[PDB]
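Here's the structure, in structure tokens; my notes come after.
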Amino acid sequence: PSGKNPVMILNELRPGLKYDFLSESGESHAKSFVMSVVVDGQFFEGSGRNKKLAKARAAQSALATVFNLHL
């Protein structure tokens, strides 16, 4: 990431996407919350200690792919 938190970029850019909110990538002790995105006919999952990081992971994956598509 650069300029902002990556969630915020993917948010601003939002090319045509939708978010799913999932719990459960664990561990059962300090936790992972899971964010799924569907974008350009493409699908990603990102596991983070909360949405500020789950979305960051999901965003980062999507960002890399779709920006390689130039989309």
Requested in this report: Would you please name the residue that is surrounded by the most Cβ atoms within 10 Å (Cβ to Cβ), looking only at residues in the range 36-54 that are among the polar types (S, T, N, Q) and free of Cβ contacts under 8 Å to residues at least 24 places away in the same chain?
Outcome: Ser47
Report task. Can you run down the residue pairs with Cβ atoms below 8 Å, 6 or more apart or on separate chains, where the first is in the range 6-35 and in contact (Cβ under 8 Å) with a residue 40 or more places away in the chain and the partner is assigned to a loop (DSSP other than H, G, I, E, B)? Result -> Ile9/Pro1; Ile9/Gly3; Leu10/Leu17; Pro15/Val39; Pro15/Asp40; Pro15/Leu71; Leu17/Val39
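Taking into account only those residues within the range 54-71 that are among the aliphatic types (A, V, I, L, M) and touching a strand residue (DSSP E or B) at 6+ places or on another chain (Cβ under 8 Å), which is farthest from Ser23 (Cα to Cα)? Steps first, please.
Narrowing the range 54-71 to residues among the aliphatic types (A, V, I, L, M): 54, 56, 58-59, 62-64, 66, 69, 71.
Filter once more, keeping what is touching a strand residue (DSSP E or B) at 6+ places or on another chain (Cβ under 8 Å): 54, 56, 58-59, 62.
Working: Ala54: 10, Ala56: 15, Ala58: 14, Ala59: 17, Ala62: 19 Å.
Applying the filter and picking the extreme gives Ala62.
Report, by residue number, each residue of the range 58-71 that is touching a residue at least 12 places away in the same chain (Cβ under 8 Å) and part of a helix (DSSP H, G or I).
Let us first name the residues in the range 58-71 that are touching a residue at least 12 places away in the same chain (Cβ under 8 Å), namely 58-63, 65-66, 69, 71.
Those that are touching a residue at least 12 places away in the same chain (Cβ under 8 Å) and part of a helix (DSSP H, G or I): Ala58, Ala59, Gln60, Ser61, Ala62, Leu63, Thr65, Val66, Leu69.
Any read-out appearing in this document is the output of simple, stated calculations on the displayed coordinates, not a laboratory observation. FYI the Cβ positions are ideal-geometry reconstructions off the backbone, even for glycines, and counts take in every protein chain you see.
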